[PDB]
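[1] Pasting the sequence and an experimental structure:
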Amino acid sequence: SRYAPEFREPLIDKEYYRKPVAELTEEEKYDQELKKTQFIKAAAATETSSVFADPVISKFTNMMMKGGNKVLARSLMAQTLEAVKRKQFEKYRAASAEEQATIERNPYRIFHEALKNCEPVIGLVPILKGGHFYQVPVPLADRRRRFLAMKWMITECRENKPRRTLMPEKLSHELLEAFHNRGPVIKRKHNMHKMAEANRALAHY
Amino acid sequence: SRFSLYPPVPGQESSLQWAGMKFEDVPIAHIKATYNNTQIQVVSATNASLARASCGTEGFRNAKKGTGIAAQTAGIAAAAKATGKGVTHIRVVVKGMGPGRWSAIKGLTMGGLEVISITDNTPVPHXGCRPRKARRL
Amino acid sequence: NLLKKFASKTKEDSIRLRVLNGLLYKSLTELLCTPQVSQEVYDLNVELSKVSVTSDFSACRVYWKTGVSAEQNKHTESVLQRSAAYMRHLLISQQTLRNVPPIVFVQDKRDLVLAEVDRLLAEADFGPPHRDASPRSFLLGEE
Amino acid sequence: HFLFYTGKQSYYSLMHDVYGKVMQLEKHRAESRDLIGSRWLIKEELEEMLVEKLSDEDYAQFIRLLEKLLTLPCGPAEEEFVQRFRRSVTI
Amino acid sequence: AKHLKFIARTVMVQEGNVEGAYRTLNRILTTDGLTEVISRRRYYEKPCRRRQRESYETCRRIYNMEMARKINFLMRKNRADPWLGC
RNA sequence: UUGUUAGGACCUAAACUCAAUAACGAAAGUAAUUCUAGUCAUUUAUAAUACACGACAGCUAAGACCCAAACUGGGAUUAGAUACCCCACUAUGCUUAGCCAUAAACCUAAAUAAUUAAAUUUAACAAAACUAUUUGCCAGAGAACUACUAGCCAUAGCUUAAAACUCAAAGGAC
Ligand SMILES: [Mg+2]
Ligand SMILES: [Mg+2]
Ligand SMILES: [Mg+2]
Ligand SMILES: [Mg+2]
Ligand SMILES: [Mg+2]
Ligand SMILES: [Mg+2]
Ligand SMILES: [Mg+2]
Ligand SMILES: [Mg+2]
């Protein structure tokens, strides 16, 4: 890294800096005064104070990018959100007043609740003991649990789709189908948990 | 005006009574804790058998028969049989120095019996029988 | 000679190591269930996961079930290690094994992991069903 | 110099002065933060003042003696003395 | 077998603390040396080995007491440096 | 079979703690209790071809027998187990009479009277060194706790104890 270890990660929260001084906890208040005598890293190219910036979606975009083609990956995600909004608008208009209430037309809220529904609590780490492969139940961190949900989605769409379908049309159909807890990605989560149950005895190894 | 660890003296008058019973009357829980099996027998103060249990009778086998959790099950089983016969307070005479020496006493408490005292009767010869030869391993 | 004496400054293995490991675990468990080793060691109420003796027989490693609190574990580690030399004595003196290796105490936090998994697993969504040395050159004037 | 045969006549001549100062203050008998945002001189700077090679143990011992001087009541002469061994922290 | 039962090696439970009674009985049976005696008496220790063991314990106890005495004799001299700077 | 017995019988075998003690005895050896018998003065050292003793194992005869345990059988283990681990059991360990006379029988220190300085680590390591007295013993290693000889209750035994021949080392302490 070109940043010496003394450099501090930048804080790009607009409200935090403009809060009244008394509203800040003394711990947060201390850090502000300390940072006045520290070095601050320059903000990344994708780090802005925008109100429309969602960290979860920004991470999902980078996990789809190939060979540093961020423009294409962001375009595919933008087309996905639109493809999900347009699919719910059609359903909303073609639904009764009672059904209309339940229908969710916010793509950002369908994306977050979809991913959360695909996150596995426990995991399986494959081990080799005595010349056989004994995979054993494991607990997953908040970072590992989130990564697995995003990775499983980007891999179902990339592979298990017809040749002429496009990613904005397969991903939209999966975020919505996962959002209802019926997609194949949800089955991947269910299979992970069911195997861990089977290997309950092998946890010791 | 303090508690005495020493038990009541037989043949004297004491103010200590449990469930309207004197110390000499409280039934006795005989625990034989060996290195393989932990047996338990509960008897009345007149030497009449009321409950019996052991790691073997519970269903443990071989090396499991000589674990702490195996003896705990044996005590809970002996307690339940004793509680049915009408026993609430027991005097614990624990012979043996095996793994389920304490666990057998813990199971009896979990089973609803109230231990008022703990005696030890581990055989200690005063000079006796030549023990078997040391194991070479 | 007391000061001199006590200063002390200066498939066979597979089956043998499956008996020493079992017996040493059986024996050390009994040692720690009484104040025989120490009163401090008795109150720690330590449990033993397993004993692993090295193939060389250089050391005997005893795995004890670690707890949640680091302070509790740090204290238990110091007390257990200080008395390990004494524990070995007690096993040779009761004639458990004629020769016992230096005892080492290793931590076993696996019991905590298994409890965690069962917690999550119950809560999980399963889903619907010589020449140079010699003076010859010196004495001849060559050097 | 009377301390020549010590091998560190300049280090020990300085430790002789500071130890005599400490004794007079202790025999003779406020806030000690007369100077702020200052640091003790590093070993390399001390070695330059003495003009002799010092070890880490020699530097560590010198600082402890200077600290004890600050703890005790200090007249303006002492404050000027300890000032010599205080270098303004880079700003 | 001829003595009175329940006088010897008997502790009494205080307020239903059955574990504390047992833990005290263990400290009794260990301080009195019954624990070591029962453990050692599991297998036969031969007279030559018993004498070697007892001679070693005695010399081990003498050396551990004298070394503690040397440490405790200089426990008081471990204080703050009076002659700091010299 | 097991557990309990403040039931009975037995008096086999061994003597916890004390003993963190250092006593007694020529050595071997000896520590549950009581009682009886009993250790004692030769100036001191110095003894065999004589006399008397001498752990354990072993032999002989009649008993005892709780427990332990060569051997033996069974079970497991391992490529093999003729072992180590588990179970059963015998000689044997005990008593009464003899016999055998062997130990790393070692404090690896002969006994006795000195001295602590003789400018003594007088190698080193043990256990500071050293003088005198008397006896025993030793003279490179292996061959050799052997062969032969004599004595012995010993008969696959003990004590006594060489040579041929081979090597240039063997050995001790760091
Ligand atoms: Mg007898
Ligand atoms: Mg008399
Ligand atoms: Mg027999
Ligand atoms: Mg010896
Ligand atoms: Mg011989
Ligand atoms: Mg011969
Ligand atoms: Mg002959
Ligand atoms: Mg010759």
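    Sure, I can see it. Numbering: from 1, shown residues only, chains lettered A, B, ... in the order given. Ligands and ions are numbered 1, 2, ... in the order given.

[2] and residue E:11, what helix or strand is that in?
    According to DSSP states H and E, residue E:11 maps onto strand E:10-12.

[3] Against which helices or strands is that strand packed?
    Identification of packing neighbours for strand E:10-12 by 3 or more C-beta pairs under 8 Å, 6 or more residues apart in numbering or on different chains; DSSP states H and E yields strand B:114-120, helix E:18-31. For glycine as for every other residue, the C-beta is placed from the backbone atoms N, C-alpha and C.

[4] Residues contacting it, please?
    B:3-7, B:116-120, E:21-22, E:24-25, E:28 (C-beta atoms under 8 Å, 6 or more residues apart in numbering or on different chains).

[5] out of the residues you listed, which are buried?
    In the contacts of strand E:10-12, burial by neighbour count holds for B:7, B:116, B:117, B:118, B:119, B:120, E:21, E:22, E:24, E:25, E:28, counting by 16 or more other C-beta atoms under 10 Å in any protein chain shown.

[6] Tell me the bridge partners for the third one.
    Looking back up the chat, that one is residue B:117. Counting by DSSP bridges, residue B:117 is bridged to residue B:91, residue E:12.

[7] In this structure it contacts residue B:7, no?
    Yes: contact criterion C-beta atoms under 8 Å: residue B:117 and residue B:7 qualify, at 5.8 Å.

[8] what do these two both touch?
    The contact sets of residue B:117 and residue B:7 overlap at B:23, E:6, E:10, E:12 (C-beta under 8 Å, 6+ apart).

[9] still on that earlier bit, most widely separated two among the contacts of strand E:10-12?
    With C-beta to C-beta as the measure, no two of the contacts of strand E:10-12 lie farther apart than B:3 and B:120, at 19.7 Å.

[10] circling back: could you export the shared contacts of residue B:117 and residue B:7 as JSON lines, including distance to residue B:88?
    Shown next, in JSON lines, are the shared contacts of residue B:117 and residue B:7 (distance: C-beta to C-beta, whole Å):
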{"residue": "B:23", "distance to residue B:88": "14"}
{"residue": "E:6", "distance to residue B:88": "19"}
{"residue": "E:10", "distance to residue B:88": "20"}
{"residue": "E:12", "distance to residue B:88": "17"}
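
[11] ok, these vs RNA strand F, which is closest?
    residue E:6 (5.9 Å; C-beta to the nearest atom of the strand).

[12] sorry, back to before: filter the shared contacts of residue B:117 and residue B:7 down to the buried ones, ChimeraX style.
    Selection of buried members from the shared contacts of residue B:117 and residue B:7 for ChimeraX, criterion 16+ other C-beta under 10 Å:
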select /B:23 /E:6,10,12
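
[13] Buried residues, stretch C:78-95. List them.
    Quick answer for stretch C:78-95 (16+ other C-beta under 10 Å): C:79, C:80, C:83, C:84, C:87, C:88, C:90, C:91, C:93, C:94, C:95.

[14] near chain A, from the residues you listed?
    Counting by C-beta under 8 Å from any C-beta of the partner chain, nothing from the buried residues of stretch C:78-95 sits close to chain A.

[15] Please enumerate the strands of chain C.
    Assigned by DSSP state E, the strands in chain C fall at C:48-53, C:60-65, C:103-108.

[16] Comparing those strands, which comes out most buried?
    Mean neighbours per residue, mean count of other C-beta atoms under 10 Å in any protein chain shown, is largest over the strands of chain C for strand C:60-65, with a mean of 20.

[17] could you say what helices and strands that one packs with?
    Identification of packing neighbours for strand C:60-65 by 3+ C-beta pairs under 8 Å, 6+ apart yields helix C:20-31, strand C:48-53, strand C:103-108.

[18] Send me that strand as PDB with only the CA atoms.
    C-alpha atoms of strand C:60-65 as PDB (Å, rounded to 0.1, in the frame of the first residue of the first chain):
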ATOM      1  CA  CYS C  60       2.700 -35.400  26.500                       C
ATOM      2  CA  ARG C  61       0.100 -32.900  25.400                       C
ATOM      3  CA  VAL C  62      -3.100 -32.600  27.500                       C
ATOM      4  CA  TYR C  63      -6.100 -30.700  26.000                       C
ATOM      5  CA  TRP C  64      -8.300 -29.000  28.500                       C
ATOM      6  CA  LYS C  65     -11.700 -27.500  27.700                       C
END
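
[19] now the angle from that strand to helix C:20-31?
    Strand C:60-65 runs at 60 degrees relative to helix C:20-31, counting by axes from the mean of the first three to the mean of the last three C-alpha atoms, to 10 degrees.

[20] Chain C contacts on chain B?
    Within chain B, the positions near chain C by C-beta under 8 Å from any C-beta are B:97, B:99, B:101, B:102, B:134, B:135, B:136, B:137.

[21] Kindly report the same for chain A.
    Counting by C-beta under 8 Å from any C-beta, chain A sits next to chain C at A:120-122, A:137-139, A:186-187, A:189-190, A:193-194, A:196-197, A:200, A:203-204.

[22] mind checking how far the closest residue to chain A within chain E is from residue B:25?
    Residue of chain E nearest chain A, by C-beta to the nearest C-beta: residue E:19 (29.1 Å). Distance of residue E:19 to residue B:25, computed by C-beta to C-beta, to the nearest Å: 25 Å.

[23] do residue E:30 as well
    Taken as C-beta to C-beta, the span from residue E:30 to residue B:25 is 31 Å.

[24] now do residue A:70
    Using C-beta to C-beta, we find residue A:70 at a distance of 88 Å from residue B:25.

[25] ok, now residue C:92?
    Separation of residue C:92 from residue B:25 (C-beta to C-beta) stands at 47 Å.

[26] picking that back up, from the shared contacts of residue B:117 and residue B:7, pick the one nearest chain D.
    Lowest distance from chain D to those (C-beta to the nearest C-beta) belongs to residue E:12, with 59.0 Å.

[27] What segments of the chain are helices?
    Using chain A here. A:14-18, A:26-35, A:55-64, A:70-93, A:97-102, A:107-117, A:142-159, A:167-179, A:184-198 (DSSP state H).

[28] Correction: the question concerned chain C.
    C:2-7, C:12-16, C:20-31, C:39-43, C:70-82, C:84-93, C:110-123, C:136-140.

[29] Pick the most deeply packed of those helices.
    Most buried among the helices of chain C, counting by mean count of other C-beta under 10 Å: helix C:20-31, with a mean of 19.

[30] can you confirm residue B:35 is in a helix?
    No: assigned with DSSP: H, G, I helix; E, B strand; the rest coil, residue B:35 falls outside any helix and is coil.

[31] ok, it - contacts?
    Contacts of residue B:35 by C-beta under 8 Å, 6+ apart are B:66, B:98, B:99.

[32] check contacts around the most centrally placed residue in chain D.
    What sits nearest the mean C-alpha location of chain D, by C-alpha atoms, centre = their mean, is residue D:66, with 4.3 Å. Neighbouring residues of residue D:66 by C-beta under 8 Å, 6+ apart: D:18, D:40, D:82, D:85.

[33] Counting by contacts, list what the helix ranked longest in chain E packs against.
    The helix that spans the most residues within chain E, counting by DSSP H, is helix E:47-73. Helices and strands touching helix E:47-73, by 3+ C-beta pairs under 8 Å, 6+ apart, are helix C:2-7.

[34] right, so of the helices of chain A, which gets closest to chain E?
    Among these, if distance is taken as C-beta to the nearest C-beta, the winner is helix A:26-35, at 35.0 Å.

[35] At the geometric centre of the chain, which residue sits there?
    You didn't say which chain, so I picked chain A. In chain A, the residue lying closest to the centroid (C-alpha atoms, centre = their mean) is residue A:56, at 4.6 Å.

[36] try chain E instead
    Geometric middle of chain E (C-alpha atoms, centre = their mean) lands on residue E:31, at 6.1 Å.
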